[PDB]
Amino acid sequence: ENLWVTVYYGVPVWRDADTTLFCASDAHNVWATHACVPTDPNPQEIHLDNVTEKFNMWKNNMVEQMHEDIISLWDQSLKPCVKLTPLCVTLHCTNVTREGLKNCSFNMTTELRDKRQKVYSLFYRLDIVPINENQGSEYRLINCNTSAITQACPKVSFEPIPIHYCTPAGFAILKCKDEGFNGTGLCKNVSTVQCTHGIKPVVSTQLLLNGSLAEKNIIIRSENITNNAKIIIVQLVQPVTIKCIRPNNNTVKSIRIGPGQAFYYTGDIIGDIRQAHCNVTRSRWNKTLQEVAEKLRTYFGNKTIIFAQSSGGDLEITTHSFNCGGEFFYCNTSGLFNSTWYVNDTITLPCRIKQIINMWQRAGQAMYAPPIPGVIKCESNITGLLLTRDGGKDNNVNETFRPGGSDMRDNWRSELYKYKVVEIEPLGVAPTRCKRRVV
Amino acid sequence: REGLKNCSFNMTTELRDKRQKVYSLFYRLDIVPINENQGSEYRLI
Amino acid sequence: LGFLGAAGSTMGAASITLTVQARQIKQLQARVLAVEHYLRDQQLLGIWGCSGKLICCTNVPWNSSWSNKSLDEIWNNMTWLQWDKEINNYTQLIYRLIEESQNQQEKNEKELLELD
Amino acid sequence: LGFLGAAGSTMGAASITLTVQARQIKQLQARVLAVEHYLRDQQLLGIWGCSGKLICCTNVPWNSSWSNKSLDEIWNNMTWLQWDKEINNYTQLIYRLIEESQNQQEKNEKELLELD
Amino acid sequence: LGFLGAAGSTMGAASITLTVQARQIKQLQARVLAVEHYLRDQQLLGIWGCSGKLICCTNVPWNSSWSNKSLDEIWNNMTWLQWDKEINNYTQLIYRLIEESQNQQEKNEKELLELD
Ligand SMILES: *[C@@H]1O[C@H](CO)[C@@H](O[C@@H]2O[C@H](CO)[C@@H](O[C@@H]3O[C@H](CO[C@H]4O[C@H](CO[C@H]5O[C@H](CO)[C@@H](O)[C@H](O)[C@@H]5O)[C@@H](O)[C@H](O[C@H]5O[C@H](CO)[C@@H](O)[C@H](O)[C@@H]5O)[C@@H]4O)[C@@H](O)[C@H](O[C@H]4O[C@H](CO)[C@@H](O)[C@H](O)[C@@H]4O[C@H]4O[C@H](CO)[C@@H](O)[C@H](O)[C@@H]4O)[C@@H]3O)[C@H](O)[C@H]2NC(C)=O)[C@H](O)[C@H]1NC(C)=O
Ligand SMILES: *[C@@H]1O[C@H](CO)[C@@H](O[C@@H]2O[C@H](CO)[C@@H](O[C@@H]3O[C@H](CO[C@H]4O[C@H](CO[C@H]5O[C@H](CO)[C@@H](O)[C@H](O)[C@@H]5O)[C@@H](O)[C@H](O[C@H]5O[C@H](CO)[C@@H](O)[C@H](O)[C@@H]5O)[C@@H]4O)[C@@H](O)[C@H](O[C@H]4O[C@H](CO)[C@@H](O)[C@H](O)[C@@H]4O)[C@@H]3O)[C@H](O)[C@H]2NC(C)=O)[C@H](O)[C@H]1NC(C)=O
Ligand SMILES: *[C@@H]1O[C@H](CO)[C@@H](O[C@@H]2O[C@H](CO)[C@@H](O[C@@H]3O[C@H](CO[C@H]4O[C@H](CO)[C@@H](O)[C@H](O)[C@@H]4O)[C@@H](O)[C@H](O[C@H]4O[C@H](CO)[C@@H](O)[C@H](O)[C@@H]4O)[C@@H]3O)[C@H](O)[C@H]2NC(C)=O)[C@H](O)[C@H]1NC(C)=O
Ligand SMILES: *[C@@H]1O[C@H](CO)[C@@H](O[C@@H]2O[C@H](CO)[C@@H](O[C@@H]3O[C@H](CO)[C@@H](O)[C@H](O)[C@@H]3O)[C@H](O)[C@H]2NC(C)=O)[C@H](O)[C@H]1NC(C)=O
Ligand SMILES: *[C@@H]1O[C@H](CO)[C@@H](O[C@@H]2O[C@H](CO)[C@@H](O[C@@H]3O[C@H](CO)[C@@H](O)[C@H](O)[C@@H]3O)[C@H](O)[C@H]2NC(C)=O)[C@H](O)[C@H]1NC(C)=O
Ligand SMILES: *[C@@H]1O[C@H](CO)[C@@H](O[C@@H]2O[C@H](CO)[C@@H](O[C@@H]3O[C@H](CO)[C@@H](O)[C@H](O)[C@@H]3O)[C@H](O)[C@H]2NC(C)=O)[C@H](O)[C@H]1NC(C)=O
Ligand SMILES: *[C@@H]1O[C@H](CO)[C@@H](O[C@@H]2O[C@H](CO)[C@@H](O)[C@H](O)[C@H]2NC(C)=O)[C@H](O)[C@H]1NC(C)=O
Ligand SMILES: *[C@@H]1O[C@H](CO)[C@@H](O[C@@H]2O[C@H](CO)[C@@H](O)[C@H](O)[C@H]2NC(C)=O)[C@H](O)[C@H]1NC(C)=O
Ligand SMILES: *[C@@H]1O[C@H](CO)[C@@H](O[C@@H]2O[C@H](CO)[C@@H](O)[C@H](O)[C@H]2NC(C)=O)[C@H](O)[C@H]1NC(C)=O
Ligand SMILES: *[C@@H]1O[C@H](CO)[C@@H](O)[C@H](O)[C@H]1NC(C)=O
Ligand SMILES: *[C@@H]1O[C@H](CO)[C@@H](O)[C@H](O)[C@H]1NC(C)=O
Ligand SMILES: *[C@@H]1O[C@H](CO)[C@@H](O)[C@H](O)[C@H]1NC(C)=O
Ligand SMILES: *[C@@H]1O[C@H](CO)[C@@H](O)[C@H](O)[C@H]1NC(C)=O
Ligand SMILES: *[C@@H]1O[C@H](CO)[C@@H](O)[C@H](O)[C@H]1NC(C)=O
Ligand SMILES: *[C@@H]1O[C@H](CO)[C@@H](O)[C@H](O)[C@H]1NC(C)=O
Ligand SMILES: *[C@@H]1O[C@H](CO)[C@@H](O)[C@H](O)[C@H]1NC(C)=O
Ligand SMILES: *[C@@H]1O[C@H](CO)[C@@H](O)[C@H](O)[C@H]1NC(C)=O
């Protein structure tokens, strides 16, 4: 038979593609969700019968776009806010009478250019570095030698709001529905959505908070489980509740820097001074560690599983950072990772609070969070872990893992692992017996 | 040579309350004498 | 079914759903891109004389080098996803041949009307 | 008569004037939006097989549930504004039925041509 | 031959190549502008009833005052660039007449649709 080319339009095919995604959200937050497109009141999802597709969470560029959007939104929120450049001034400090706080005094500018005022304030020792004169009485803010410091606006909330990511028409997002999935390899159950489920921005360095839970079993994900350089993401079946407190009752005072500006600081503490801390229930955490170890043994030859604290590096690396009440906490997680698991009350984690932060580790940038008055309490769920393998060892007896990861993108991957962006190509051609009639 | 001058100024520092004395060389083209024309003081062109 | 619900179905079975897929600062960029995407394919249909049609037969003969498969092997034994991969290296060649054939047809119909 | 000048006229009278009305940083947003609206309407007409026509007959039978009105009650006694309100809840259903009918029609045209 | 390679050829010779040219914040504005130019021409074809065609005959008689050249003098003795210059001042008159002829055709089509 003589076959002829026939053109079809609306053909159900796609190819992998990278396209600009835009935010959507449920109908002043730092993420500017008011700018986002309202979500559909009844979101659609279409199961694709007989479709098997390859996913790779480590090559996923939705992650790169999310990271750029998170940084860009953060920066936009600081543009109208008060600069603290005038505060880089010699500080004179004494003990508050704990070691974590110093009572500092300094000369600061006023609404009038020719006038000056003396300001008394309390600072966390982490935000304070000694001046090279080394008299022990003179100090400066820690980032004055590396960056301008901008005060976050007190009106701007840092609370996470779920953000749905949507793709342009003519593009679609595939979702993996398999009961367990490594984020790599072939997914048997695939469905199509215009937008992702809402994903909360969460900033953390060792533990993943308030993320998605595994349906049945703990899922361990890595680009290469045998390569110690790679960061291992562990998703938990059940959450472990972590609760945090800042026992100090801070009294917040405000002093004008200049016209249109104000500086917020803790001027006094009511009651005794106590170290901030977070607790994890011991029995629930222990069950979690055992289950993680049981899963790790399936990749590592049933070697004894050892957990250990980070070997070193910056506070941002060695401790668990998070935003609680608008305050930035850094907690010592060695209480969580001290166990050894053979094949055969609560845990209290000390914490520190730092007002000057560099969340994206960018040179030349810094933010000063204003203090939040009164006692601060938070509650969140540990939903996953960031682990690294301690390599360089040939031991066949046991294996060692430590908390933490190389990048913030590792957090975004924990929610986006199941999503893939594809371009829809409605045209196609195929042979038929059909021939066009000509006038 | 005549094309260069050795100039000094009080520059600001990392700390607002401190100042430092700085010595540097500038090309004559970038430097303008004070309007008093005494030749003892200069500014950027 | 639903959007792309036919993607795993055979090429013949999938044809019943063509209309399902025929329909359908960063937000502004998304909107402009969606328009460019849509028009790219509509432009080809307009050139091919296939505008306004979901299925459009042409005068271009099938060249067996593109595929030696029988019609049953294509229509009752393949998904469109598999088919696109098989002829991915010939797709642009086919597109040009359709365009050449349409232009000759447009010319021939003009000449027919000139005679009549 | 001019643009929308028929809006208060009956639907039958208005059908005569469709030819007239078929025609006709913030500026950038206005330009993009104007394009999206033009293409949105043309996309539906192309899928329906109605492209290039102001009046397009289909093979979809009228459901009395959509309206129980006689043709005279519709064409000589209503404005289009009133009519749209009456079928505002059925319009999307009607659109899908038109699309299915077009796809079945073209499939049948293909099968007919296979016999030539 | 390539894009616009036909530009120096005679109008008759050039007519075989029409499909070659049918194809194809500053960046965003440029993308929108390119779309508007494409659609501008497509809207004119839709207005003229010529949409989907590379060559479209009309019912408008050639008006000899626009040019007194014979068909051989136009089609075989001129390029399209020369031709556009010769009638550059009459193109708006021609476009308006085509639209008027289409309006009459649409009125006649409407009567035919009701008759059968
Ligand atoms: C995902 O991938 C899978 C795998 O590729 C896709 O599945 C495949 O889909 C195709 C198309 O539907 C199927 O082909 C069809 O198979 C049937 C025959 O199968 C029948 O016989 C079974 C016999 O078994 C028992 O029951 C009978 C009852 O009489 C008893 O006598 C026996 O003793 C046994 O007890 C029977 O069980 C089947 O019914 C059940 O299974 C079917 C499966 O499809 C279900 O629908 C039923 O609800 C029920 O669960 C079934 O009766 C053939 O008859 C088909 O040929 C007809 O249809 C074709 C459609 O394209 C058509 O081209 C043919 O010409 C033919 O049509 C003729 O007959 C029609 C009858 O109505 C007439 O209307 C028509 O005019 C014409 O005369 C067809 O070959 C594949 O079998 C199926 N493969 C597998 C492995 O299941 C799946 O579709 C993909 N999914 C998606 C979304 O793409
Ligand atoms: C705004 O709304 C109004 C109200 O709905 C609407 O007016 C109605 O318009 C329809 C037509 O669209 C009219 O229905 C037709 O009437 C025809 C004429 O019959 C009489 O009226 C004639 C004048 O009507 C026109 O002009 C007036 C203003 O003058 C205007 O309001 C009308 O709308 C319309 O434009 C008049 O000339 C005619 O003359 C008779 O009476 C005089 C009295 O002195 C006598 O001397 C004459 O010898 C003669 O006896 C008469 O008064 C009627 O012919 C027509 O039926 C024919 O045409 C239809 C349609 O083709 C055919 O189907 C039918 O078989 C016939 O061939 C029909 O009945 C309706 O009457 C108007 N209603 C009212 C209350 O006036 C406006 O048009 C709307 N405006 C817009 C812009 O939409
Ligand atoms: C750039 O400009 C130059 C000059 O205009 C163009 O060259 C002309 O190209 C056209 C199209 O090919 C030529 O038209 C044809 O010329 C033929 C010449 O005859 C050949 O054979 C005789 C011997 O029999 C030789 O002496 C002669 O040198 C040629 O080798 C004609 O035979 C053709 O007539 C036939 O075709 C035409 C068109 O279909 C019919 O109407 C006739 O009835 C007949 O069937 C035809 O006339 C033209 O002659 C060329 N001119 C010159 C001076 O050579 C270039 O093409 C142009 N380049 C581009 C890209 O446009
Ligand atoms: C982390 O764990 C510590 C220890 O479990 C929790 O502190 C405990 O808090 C309760 C309630 O304030 C204390 O009860 C009080 O005890 C004092 C005497 O110490 C008594 O005078 C009060 O009337 C009251 O009974 C409890 O003592 C205290 N435990 C210790 C050892 O100080 C803390 O709350 C935990 N953090 C989180 C976030 O859960
Ligand atoms: C943390 O410190 C703040 C002060 O910086 C405490 O707020 C003060 O709390 C007292 C009560 O303990 C308030 O006085 C009460 O006010 C209510 C008003 O209805 C009145 O009914 C009571 O009889 C009493 O007068 C005081 O106003 C309040 N100060 C401010 C500025 O609100 C706060 O209680 C401390 N938190 C803890 C947990 O101790
Ligand atoms: C978090 O809390 C744990 C428990 O209080 C802290 O553990 C202590 O960490 C220091 C290093 O920062 C250890 O000192 C080291 O001892 C080894 C020998 O064991 C020596 O080779 C090293 O050069 C260094 O001197 C200290 O032993 C360790 N204490 C215990 C009881 O294990 C940890 O430092 C805290 N993390 C942070 C970031 O503050
Ligand atoms: C996954 O990790 C293993 C272990 O690091 C990698 O295996 C190494 O591959 C290189 C290739 O040159 C060899 O030289 C090493 O000897 C291998 N190491 C071991 C312990 O066998 C493997 O290449 C990694 N896979 C990918 C895709 O990067
Ligand atoms: C890690 O485990 C060691 C024990 O292996 C803990 O050290 C113990 O501390 C408790 C409480 O003071 C003592 O009763 C034990 O006798 C200690 N063990 C040894 C061998 O000295 C250590 O505190 C643990 N680390 C964390 C962060 O919990
Ligand atoms: C994991 O295994 C390694 C290797 O056996 C342990 O390191 C050894 O510790 C024993 C303690 O008696 C020493 O005798 C060996 O000489 C050590 N080996 C090396 C290579 O130094 C390590 O202590 C084990 N970890 C845990 C948590 O038990
Ligand atoms: C305060 O503590 C510091 C050490 O952090 C110490 O050097 C200083 O002498 C103390 N001041 C008094 C008055 O004890
Ligand atoms: C928690 O784990 C430790 C070993 O890491 C064990 O000694 C302790 O008994 C466990 N606690 C409970 C309540 O099981
Ligand atoms: C944390 O876990 C508890 C378990 O009861 C659940 O009620 C709560 O909703 C979880 N929180 C989040 C943010 O998922
Ligand atoms: C720097 O300041 C001193 C006074 O502290 C002044 O005498 C000197 O002239 C200043 N130098 C310049 C270049 O202005
Ligand atoms: C068929 O396709 C092959 C590969 O593109 C090509 O070489 C050959 O010339 C084609 N045959 C025809 C008649 O076009
Ligand atoms: C008319 O509409 C009703 C309600 O949707 C539907 O059940 C019925 O089948 C329709 N009739 C026809 C002829 O489509
Ligand atoms: C032809 O064009 C001329 C110039 O516009 C005009 O005057 C003349 O009326 C036209 N002829 C016809 C028949 O339209
Ligand atoms: C063809 O047109 C050209 C350019 O106007 C002219 O020079 C030439 O003489 C014309 N030929 C005839 C036969 O009129």
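Residues numbered from 1 in each chain as written, not as in the entry; some residues may be left out. Chains lettered and ligands numbered in written order. Part of a larger assembly, values for the part shown. Heavy atoms only, no water.

For this deposited structure, the header cites cryo-EM as the method used and 3.19 Å as the resolution.

Going by the PDB entry, chain C carries the name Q23.MD39 Transmembrane protein gp41 and comes from Human immunodeficiency virus 1.

As annotated in the PDB entry, chain B carries the name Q23.MD39 Surface protein gp120 and comes from Human immunodeficiency virus 1.

## So, the pattern of salt bridges
Counted according to the given criterion, the structure contains 47 salt bridges over all chains. For A:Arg402, the salt bridge is made with A:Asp390, and the minimal N-O distance between the two is 3.0 Å. Placement of the pair is A:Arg402 in strand β30 (residues 398-403) and A:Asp390 in the loop between β29 (374-389) and β30, with a sequence separation of twelve residues. Among the charged side chains, a salt-bridge network with shared partners connects A:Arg15, A:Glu423, A:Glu425, C:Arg40 and C:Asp41. (Salt bridge = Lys/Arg side-chain N within 4 Å of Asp/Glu carboxyl O. Helix = DSSP H or I, 4+ residues; strand = E, 2+ residues; numbered from the N terminus.)

## Comments concerning the packing of aromatic side chains
Per the counting criterion, the structure on display carries 28 aromatic pairs over all chains. Ring centres of A:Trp285 and A:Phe337 lie 5.9 Å apart, and the angle between their planes is 90°; on these two criteria the pair is classed as edge-to-face. Of this pair, A:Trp285 sits in helix α2 (residues 282-296) while A:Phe337 sits in the loop between β24 (327-331) and β25 (340-341); the two residues are 52 residues apart in sequence, bridging distant segments of the chain. As far as burial versus exposure is concerned, A:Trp285 and A:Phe337 are alike and both buried. Relative to D:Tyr95, the ring of D:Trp48 has its centre 4.7 Å away and its plane inclined at 55°; by these criteria the two rings are tilted. One end of the pair, D:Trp48, is in helix α3 (residues 26-48); the other, D:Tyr95, is in helix α6 (residues 91-113), with 47 residues separating them in the sequence. Residue D:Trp48 is classed as buried on the basis of its relative accessible area of 12%. Ring pairs connect the aromatic residues A:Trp31, A:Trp74, A:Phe158, A:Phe328 and A:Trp360, which therefore count as one cluster. (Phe/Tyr/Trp six-rings, centres within 6.5 Å; stacked < 30°, edge-to-face > 60°. Buried < 20%, exposed > 50% of the residue type's maximum accessible area, 1.4 Å probe, protein only.)

## A few points about the interface of chain C and chain D
At the interface, 19 residues of chain C touch 20 residues of chain D. If you sort the residues of chain C by the area they bury against chain D, C:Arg23, C:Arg31 and C:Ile55 come out on top, with a joint share of 28%. Viewed at the interface, chain D and chain C are joined by two salt bridges. Between C:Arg23 and D:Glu99 there is a salt bridge, and its shortest N-O distance comes to 3.6 Å. Contributing elements (two or more residues each) for the side of chain C that touches chain D: α2 (18-22), α3 (26-48) and β1 (55-61) of chain C. (Contact = heavy atoms within 4.5 Å. Buried area = accessible area lost by both parts, 1.4 Å probe.)

## Some thoughts on the arrangement of the chains
Across the six pairs of chains that are in contact, the largest number of contacts falls between chains A and C. With no contact formed, the shortest span from any C-alpha in chain B to any C-alpha in chain C equals 38 Å. Separated throughout, chain B and chain D approach each other most closely at a C-alpha pair spaced 39 Å apart.

## A word on the site of ligand 8
Residue and element names in this part refer to chain A. Taken together, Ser334, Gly335 and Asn338 make up all the residues around ligand 8. Contacts to ligand 8 include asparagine 338, whose side-chain N or O atom sits 2.4 Å from an oxygen atom. Protein chains shield 17% of the accessible area of ligand 8, which is 580 Å² for the free molecule. (Near = heavy atom within 4 Å. Polar contact = N/O pair within 3.5 Å; in protein donor to acceptor, adjacent residues only side chain to side chain. Areas by Shrake-Rupley, 256 points an atom, 1.4 Å probe, with all protein chains shown as cover.)

## A word on the nonpolar core
Counting 49 residues, the largest nonpolar core has A:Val7, C:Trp48, C:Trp80 and C:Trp83 as its most contacted members. Per-element accounting of this core gives the leading share, seven residues, to α3(C). Those residues in contact with C:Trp80, other than ones at most four positions away along the chain, are A:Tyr8, A:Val11, A:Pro12, A:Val13, A:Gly428, A:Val429, A:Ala430, C:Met11, C:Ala14 and C:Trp75. Residues A:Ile218, A:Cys244, A:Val292 and A:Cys351 belong to the second largest nonpolar core, which totals 45 residues. (Core = buried A, V, L, I, M, F, W, Y, C linked by side-chain atoms within 4.5 Å.)

## Comments concerning the pairing of strand β1 (residues 4-9) of chain A
Most of β1(A) sits inside the fold, with six of its six residues counted as buried. Covered by surrounding structure in β1(A) are A:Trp4, A:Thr6 and A:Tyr8 together with A:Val5, A:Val7 and A:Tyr9, the residues of both alternating faces. As judged from the four bridges shared by β1(A) and β1(C), these two strands associate in the antiparallel manner. Directly across from A:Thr6, in β1(C), lies its bridge partner C:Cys57. As defined by bridge partners, β1(A) adjoins strand β32 (residues 427-432) of chain A across six bridges and the pair is classed as antiparallel. Paired with A:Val7 across the strands is A:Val429, a residue of β32(A). (Pairing = 2+ DSSP bridges.)

## Some words on the sheet that holds strand β4 (residues 37-38) of chain A
Residue and element names in this part refer to chain A. Spatially, β4-β3-β13 is the arrangement adopted by the three strands of the open sheet, whose pairing is mixed. The open sheet has two edge strands with one neighbour each: β4 and β13 (164-166). Examined bridge by bridge, strand β3 (residues 22-25) and β13 share three bridges and lie antiparallel to one another. Along β13, the bridge assignment pairs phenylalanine 22 with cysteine 166.

## Here we look at the sheet that holds β1(C)
Taken together, the three strands give an open sheet; going across it, the order is β32(A)-β1(A)-β1(C), and neighbouring strands pair in antiparallel fashion. Whereas interior strands pair on both sides, the edge strands pair on one side only; in this sheet they are β32 of chain A together with β1 of chain C. When the angles between neighbouring strand axes are averaged without regard to direction, this sheet yields 30°. Of the strands in this sheet, β1 and β32 of chain A touch α3(C), which is tilted by about 145° from β1(A). α6(D) rests against β1 and β32 of chain A together with β1 of chain C of the sheet, and its axis sits at about 30° to β1(C). (Axes fitted to C-alpha atoms, helices over the stretch in contact; angles between N-to-C directions.)

## Some words on the state of the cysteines
Residues and elements named next belong to chain A. A full pass over the atoms with the stated rule returns 13 disulfides over all chains. Between the sulfur atoms of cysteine 88 and its disulfide mate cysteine 144 the distance is 2.1 Å. The chirality of the disulfide connecting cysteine 88 with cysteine 144 is left-handed, given an S-S dihedral of about -95°. Classification of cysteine 88 as buried rests on a relative accessible area of 7%. Here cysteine 144 falls in the buried class, since its relative accessible area comes to 9%. (Disulfide = S-S within 2.5 Å.)

## Points about the side chain of A:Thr19
Along the chain, the position of A:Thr19 falls in the loop between β2 (14-16) and β3. The residues contacting A:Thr19, other than those within four sequence positions of it, are A:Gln65, A:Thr167, A:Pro168, A:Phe171, A:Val421 and C:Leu33.

## Let's talk about the interface of chain A and chain C
Listed by partner, the interface residues are 50 residues for chain A and 54 residues for chain C. Both sides together, the interface formed by chain A and chain C hides about 4700 Å², and carbon and sulfur atoms give 67% of it. For the pair chain A and chain C, the number of links is two salt bridges. In this structure, C:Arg40 engages A:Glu423 in a salt bridge whose closest nitrogen and oxygen atoms are separated by 3.2 Å. On inspection of chain A and its partner chain C, the count reaches 20 residue pairs in polar contact. Elements that contribute at least two residues to the side of chain A that touches chain C include exactly β1, β3, β5 (46-48), α1 (62-78), β14 (171-176), β31 (419-424) and β32 of chain A. Along the lines of polarity and charge, the residues of the side of chain A that touches chain C split into 32 nonpolar, eleven polar and seven charged. (Nonpolar A, V, L, I, M, F, W, Y, C, P; charged D, E, K, R; others polar.)

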